[PDB]
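So the structure is just underneath, and the comments pick up after that.
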Amino acid sequence: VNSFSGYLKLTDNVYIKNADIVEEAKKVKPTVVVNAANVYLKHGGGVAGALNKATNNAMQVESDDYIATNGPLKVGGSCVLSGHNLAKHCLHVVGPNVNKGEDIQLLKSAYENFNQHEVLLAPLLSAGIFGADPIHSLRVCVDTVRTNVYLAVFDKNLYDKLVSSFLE
Ligand SMILES: CC(C)[C@H](Nc1ncnc2c1CCN2)c1ccc2c(c1)[S@@](=O)CCO2
C-alpha cells in the first residue's frame with residue numbers, strides 16, 4: 001500500500017513524476033487516487049476517462065448512482081467514492097475549466113480538498129483541456145496542499161517544463 005517510487009521531490013510534501021496516473025495506481029495501490037472530474041461525474045476523456053476505463057466502467061456506474069441521489073458537485077468541490085481496483089478510494093475533484101469561463105481562483109478550493117487525506121496520488125488540476133496555466137496550477141498545489149501529494153503528469157515535455165520552472 002502507498003509504495004510510491006521514481007518521484008522528484010519538489011517540497012517536503014509535494015512530489016512529481018512523468019507517468020500515467022492509471023499505471024501509477026496499479027503499481028502503488030494508493031489509499032486515495034484523485035480524479036480530475038467534472039460536476040456531473042461524466043468520465044468521457046482525459047484523466048477521468050482513463051481511470052474509468054481501467055475500472056471496466058464500474059466507476060461510471062457508481063458515479064451515475066451518486067449524482068442521482070446527491071446532485072452535481074460544485075466547481076472547487078469534491079466527493080469520495082470507491083477506488084475500485086485502482087485504490088481504496090477515489091477523490092473526485094472539480095477544478096475550474098477556464099476554457100468555459102470558470103474562475104481560476106477556484107483552483108485553490110479544488111486543491112484544498114486534498115488536505116482531508118494524509119497521502120494521495122493525483123493529477124495536475126485544471127491542466128489539459130481545462131485551460132489553466134500548468135505552472136500556475138503547480139504553484140497553487142505547493143502553496144495550498146499540506147498533506148503528502150504525489151503528482152503523476154502524463155507528458156514528459158510538461159514534466160520537464162514544470163520542474164525547470166520550479167527550480168528557477
Ligand atoms: C496535463 C495532462 C497531461 C494531464 N493528463 C494526464 N495526467 C496523468 N495521467 C493521465 C493523464 C491522461 C491519462 N492519464 C491532465 C491533467 C488534468 C486534466 C486533464 C489532463 S483532462 O482530463 C481534463 C482536465 O484535468
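Ligands are numbered from 1 in the order shown, residues from 1 within each chain, and chains are lettered A, B, ... in the order they appear in the C-alpha cells.
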Kindly assemble as a tab-separated table a list of the segment 71-108 of chain A residues that lie within 12 Å of segment 135-141 of chain A, each paired with its nearest atom pair and their distance in Å to one decimal, using only C-alpha atoms, sorted first by chain and then by ascending residue number.
```
residue	atom	partner	partner_atom	distance
A:95	CA	A:137	CA	9.9
A:96	CA	A:137	CA	10.8
A:104	CA	A:137	CA	9.4
A:105	CA	A:140	CA	9.6
A:106	CA	A:140	CA	10.4
A:107	CA	A:140	CA	7.2
A:108	CA	A:140	CA	6.2
```
* Which of segment 14-63 of chain A DSSP labels alpha helix (DSSP H), written as a list in words ->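 Alpha helix (DSSP H) assignments inside segment 14-63 of chain A correspond to residues 21, 22, 23, 24, 25, 26, 27, 28, 46, 47, 48, 49, 50, 51, 52, 53, 54, 58, 59, 60, 61, 62 and 63 of chain A.
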Keeping N, CA, C and O atoms, export the residues of the selection given above as a PDB file, in the first residue's frame.
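The resulting file, selection_23.pdb, is reproduced below:
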```
ATOM      1  N   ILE A  21      -1.291   8.351 -14.517  1.00  0.00           N
ATOM      2  CA  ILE A  21      -1.839   8.108 -13.182  1.00  0.00           C
ATOM      3  C   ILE A  21      -2.469   6.700 -13.047  1.00  0.00           C
ATOM      4  O   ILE A  21      -2.424   6.122 -11.968  1.00  0.00           O
ATOM      5  N   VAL A  22      -2.978   6.127 -14.159  1.00  0.00           N
ATOM      6  CA  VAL A  22      -3.555   4.775 -14.082  1.00  0.00           C
ATOM      7  C   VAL A  22      -2.470   3.724 -13.806  1.00  0.00           C
ATOM      8  O   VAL A  22      -2.666   2.828 -12.953  1.00  0.00           O
ATOM      9  N   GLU A  23      -1.327   3.837 -14.486  1.00  0.00           N
ATOM     10  CA  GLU A  23      -0.212   2.936 -14.250  1.00  0.00           C
ATOM     11  C   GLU A  23       0.386   3.094 -12.893  1.00  0.00           C
ATOM     12  O   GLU A  23       0.721   2.103 -12.246  1.00  0.00           O
ATOM     13  N   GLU A  24       0.441   4.340 -12.390  1.00  0.00           N
ATOM     14  CA  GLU A  24       0.908   4.549 -11.021  1.00  0.00           C
ATOM     15  C   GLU A  24      -0.069   3.906 -10.037  1.00  0.00           C
ATOM     16  O   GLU A  24       0.351   3.274  -9.074  1.00  0.00           O
ATOM     17  N   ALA A  25      -1.391   4.079 -10.249  1.00  0.00           N
ATOM     18  CA  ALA A  25      -2.334   3.484  -9.304  1.00  0.00           C
ATOM     19  C   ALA A  25      -2.197   1.951  -9.246  1.00  0.00           C
ATOM     20  O   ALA A  25      -2.195   1.384  -8.148  1.00  0.00           O
ATOM     21  N   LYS A  26      -1.976   1.319 -10.402  1.00  0.00           N
ATOM     22  CA  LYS A  26      -1.820  -0.151 -10.411  1.00  0.00           C
ATOM     23  C   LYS A  26      -0.543  -0.575  -9.662  1.00  0.00           C
ATOM     24  O   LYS A  26      -0.529  -1.608  -8.974  1.00  0.00           O
ATOM     25  N   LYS A  27       0.535   0.219  -9.775  1.00  0.00           N
ATOM     26  CA  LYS A  27       1.815  -0.136  -9.144  1.00  0.00           C
ATOM     27  C   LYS A  27       1.784   0.138  -7.656  1.00  0.00           C
ATOM     28  O   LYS A  27       2.340  -0.615  -6.843  1.00  0.00           O
ATOM     29  N   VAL A  28       1.272   1.329  -7.293  1.00  0.00           N
ATOM     30  CA  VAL A  28       1.335   1.838  -5.937  1.00  0.00           C
ATOM     31  C   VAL A  28       0.314   1.271  -5.007  1.00  0.00           C
ATOM     32  O   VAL A  28       0.561   1.231  -3.798  1.00  0.00           O
ATOM     33  N   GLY A  46      -9.687  12.265 -21.102  1.00  0.00           N
ATOM     34  CA  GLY A  46      -8.635  12.752 -20.209  1.00  0.00           C
ATOM     35  C   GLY A  46      -8.353  11.806 -19.057  1.00  0.00           C
ATOM     36  O   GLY A  46      -8.425  10.571 -19.228  1.00  0.00           O
ATOM     37  N   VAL A  47      -8.072  12.352 -17.866  1.00  0.00           N
ATOM     38  CA  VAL A  47      -7.759  11.536 -16.695  1.00  0.00           C
ATOM     39  C   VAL A  47      -8.981  10.669 -16.316  1.00  0.00           C
ATOM     40  O   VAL A  47      -8.848   9.469 -16.022  1.00  0.00           O
ATOM     41  N   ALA A  48     -10.141  11.287 -16.303  1.00  0.00           N
ATOM     42  CA  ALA A  48     -11.366  10.613 -15.853  1.00  0.00           C
ATOM     43  C   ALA A  48     -11.722   9.437 -16.742  1.00  0.00           C
ATOM     44  O   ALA A  48     -12.031   8.350 -16.243  1.00  0.00           O
ATOM     45  N   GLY A  49     -11.622   9.604 -18.062  1.00  0.00           N
ATOM     46  CA  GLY A  49     -11.883   8.502 -18.993  1.00  0.00           C
ATOM     47  C   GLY A  49     -10.883   7.366 -18.812  1.00  0.00           C
ATOM     48  O   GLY A  49     -11.240   6.190 -18.868  1.00  0.00           O
ATOM     49  N   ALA A  50      -9.604   7.695 -18.572  1.00  0.00           N
ATOM     50  CA  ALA A  50      -8.559   6.667 -18.364  1.00  0.00           C
ATOM     51  C   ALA A  50      -8.806   5.905 -17.075  1.00  0.00           C
ATOM     52  O   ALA A  50      -8.751   4.661 -17.052  1.00  0.00           O
ATOM     53  N   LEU A  51      -9.124   6.622 -15.959  1.00  0.00           N
ATOM     54  CA  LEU A  51      -9.394   5.913 -14.706  1.00  0.00           C
ATOM     55  C   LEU A  51     -10.660   5.026 -14.862  1.00  0.00           C
ATOM     56  O   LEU A  51     -10.660   3.850 -14.465  1.00  0.00           O
ATOM     57  N   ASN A  52     -11.747   5.597 -15.463  1.00  0.00           N
ATOM     58  CA  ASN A  52     -12.973   4.796 -15.597  1.00  0.00           C
ATOM     59  C   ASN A  52     -12.728   3.549 -16.474  1.00  0.00           C
ATOM     60  O   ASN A  52     -13.190   2.459 -16.089  1.00  0.00           O
ATOM     61  N   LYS A  53     -12.007   3.682 -17.592  1.00  0.00           N
ATOM     62  CA  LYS A  53     -11.758   2.526 -18.457  1.00  0.00           C
ATOM     63  C   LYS A  53     -10.971   1.448 -17.688  1.00  0.00           C
ATOM     64  O   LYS A  53     -11.251   0.240 -17.836  1.00  0.00           O
ATOM     65  N   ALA A  54     -10.041   1.868 -16.795  1.00  0.00           N
ATOM     66  CA  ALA A  54      -9.244   0.902 -16.060  1.00  0.00           C
ATOM     67  C   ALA A  54     -10.080   0.178 -14.984  1.00  0.00           C
ATOM     68  O   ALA A  54      -9.645  -0.865 -14.486  1.00  0.00           O
ATOM     69  N   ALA A  58     -16.896   0.444 -14.002  1.00  0.00           N
ATOM     70  CA  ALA A  58     -17.542   0.401 -12.677  1.00  0.00           C
ATOM     71  C   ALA A  58     -17.604   1.795 -12.041  1.00  0.00           C
ATOM     72  O   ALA A  58     -18.551   2.144 -11.353  1.00  0.00           O
ATOM     73  N   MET A  59     -16.560   2.633 -12.288  1.00  0.00           N
ATOM     74  CA  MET A  59     -16.539   3.983 -11.738  1.00  0.00           C
ATOM     75  C   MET A  59     -17.697   4.808 -12.300  1.00  0.00           C
ATOM     76  O   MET A  59     -18.343   5.551 -11.534  1.00  0.00           O
ATOM     77  N   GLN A  60     -17.979   4.722 -13.617  1.00  0.00           N
ATOM     78  CA  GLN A  60     -19.103   5.490 -14.187  1.00  0.00           C
ATOM     79  C   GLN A  60     -20.461   5.066 -13.641  1.00  0.00           C
ATOM     80  O   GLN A  60     -21.282   5.935 -13.328  1.00  0.00           O
ATOM     81  N   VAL A  61     -20.677   3.754 -13.461  1.00  0.00           N
ATOM     82  CA  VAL A  61     -21.961   3.282 -12.924  1.00  0.00           C
ATOM     83  C   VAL A  61     -22.152   3.801 -11.481  1.00  0.00           C
ATOM     84  O   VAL A  61     -23.226   4.314 -11.123  1.00  0.00           O
ATOM     85  N   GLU A  62     -21.107   3.733 -10.656  1.00  0.00           N
ATOM     86  CA  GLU A  62     -21.174   4.211  -9.283  1.00  0.00           C
ATOM     87  C   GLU A  62     -21.403   5.720  -9.267  1.00  0.00           C
ATOM     88  O   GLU A  62     -22.149   6.240  -8.457  1.00  0.00           O
ATOM     89  N   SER A  63     -20.684   6.456 -10.155  1.00  0.00           N
ATOM     90  CA  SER A  63     -20.804   7.935 -10.213  1.00  0.00           C
ATOM     91  C   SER A  63     -22.216   8.345 -10.624  1.00  0.00           C
ATOM     92  O   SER A  63     -22.769   9.292 -10.024  1.00  0.00           O
TER      93      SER A  63
END
```
Which residues of chain A come within 7 Å of ligand 1, and for each one, what is the closest pair of atoms and their distance in Å to one decimal, counting only C-alpha atoms and all ligand atoms, sorted by chain and residue number, as JSON lines?
```
{"residue": "A:19", "atom": "CA", "partner": "ligand 1", "partner_atom_place_in_ligand_line": "9 (N)", "distance": 6.4}
{"residue": "A:20", "atom": "CA", "partner": "ligand 1", "partner_atom_place_in_ligand_line": "9 (N)", "distance": 3.9}
{"residue": "A:21", "atom": "CA", "partner": "ligand 1", "partner_atom_place_in_ligand_line": "9 (N)", "distance": 4.0}
{"residue": "A:22", "atom": "CA", "partner": "ligand 1", "partner_atom_place_in_ligand_line": "14 (N)", "distance": 6.1}
{"residue": "A:36", "atom": "CA", "partner": "ligand 1", "partner_atom_place_in_ligand_line": "25 (O)", "distance": 4.8}
{"residue": "A:45", "atom": "CA", "partner": "ligand 1", "partner_atom_place_in_ligand_line": "22 (O)", "distance": 5.9}
{"residue": "A:46", "atom": "CA", "partner": "ligand 1", "partner_atom_place_in_ligand_line": "22 (O)", "distance": 3.0}
{"residue": "A:47", "atom": "CA", "partner": "ligand 1", "partner_atom_place_in_ligand_line": "22 (O)", "distance": 4.0}
{"residue": "A:48", "atom": "CA", "partner": "ligand 1", "partner_atom_place_in_ligand_line": "22 (O)", "distance": 5.8}
{"residue": "A:50", "atom": "CA", "partner": "ligand 1", "partner_atom_place_in_ligand_line": "13 (C)", "distance": 5.4}
{"residue": "A:123", "atom": "CA", "partner": "ligand 1", "partner_atom_place_in_ligand_line": "8 (C)", "distance": 5.1}
{"residue": "A:124", "atom": "CA", "partner": "ligand 1", "partner_atom_place_in_ligand_line": "16 (C)", "distance": 4.8}
{"residue": "A:125", "atom": "CA", "partner": "ligand 1", "partner_atom_place_in_ligand_line": "17 (C)", "distance": 5.0}
{"residue": "A:126", "atom": "CA", "partner": "ligand 1", "partner_atom_place_in_ligand_line": "25 (O)", "distance": 4.6}
{"residue": "A:127", "atom": "CA", "partner": "ligand 1", "partner_atom_place_in_ligand_line": "17 (C)", "distance": 4.3}
{"residue": "A:128", "atom": "CA", "partner": "ligand 1", "partner_atom_place_in_ligand_line": "1 (C)", "distance": 4.3}
{"residue": "A:129", "atom": "CA", "partner": "ligand 1", "partner_atom_place_in_ligand_line": "23 (C)", "distance": 5.4}
{"residue": "A:130", "atom": "CA", "partner": "ligand 1", "partner_atom_place_in_ligand_line": "24 (C)", "distance": 4.7}
{"residue": "A:152", "atom": "CA", "partner": "ligand 1", "partner_atom_place_in_ligand_line": "8 (C)", "distance": 5.2}
{"residue": "A:153", "atom": "CA", "partner": "ligand 1", "partner_atom_place_in_ligand_line": "8 (C)", "distance": 4.4}
{"residue": "A:154", "atom": "CA", "partner": "ligand 1", "partner_atom_place_in_ligand_line": "8 (C)", "distance": 4.3}
{"residue": "A:155", "atom": "CA", "partner": "ligand 1", "partner_atom_place_in_ligand_line": "3 (C)", "distance": 5.1}
```
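Among the candidate residues A:168, A:112, A:143, A:160, the one lying nearest to residue 14 of chain A is A:143, with distances computed using only C-alpha atoms.
The gap separating atom CA of residue 29 of chain A from atom CA of residue 109 of chain A is 26.3 Å, in Å to one decimal.
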* Non-local contacts of residue 149 of chain A (9 Å; only C-alpha atoms; under 5 positions in same chain excluded) as number ranges by chain -> A: 13-16, 114, 118-122, 141
* Asked: Between A:39, A:9, A:31, A:116, which is the closest to residue 82 of chain A once you count only C-alpha atoms?
  -> A:31
* For each of A:56, A:131, A:151, A:40, take the minimum atom-to-atom distance to residue 85 of chain A, counting only C-alpha atoms, then give the residue where this is smallest. =>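 Looking only at the distances to residue 85 of chain A, the closest residue turns out to be A:56.
Between residue 97 of chain A and the candidates A:37, A:68, A:73, A:81, the tightest atom-to-atom separation, counting only C-alpha atoms, involves A:37.
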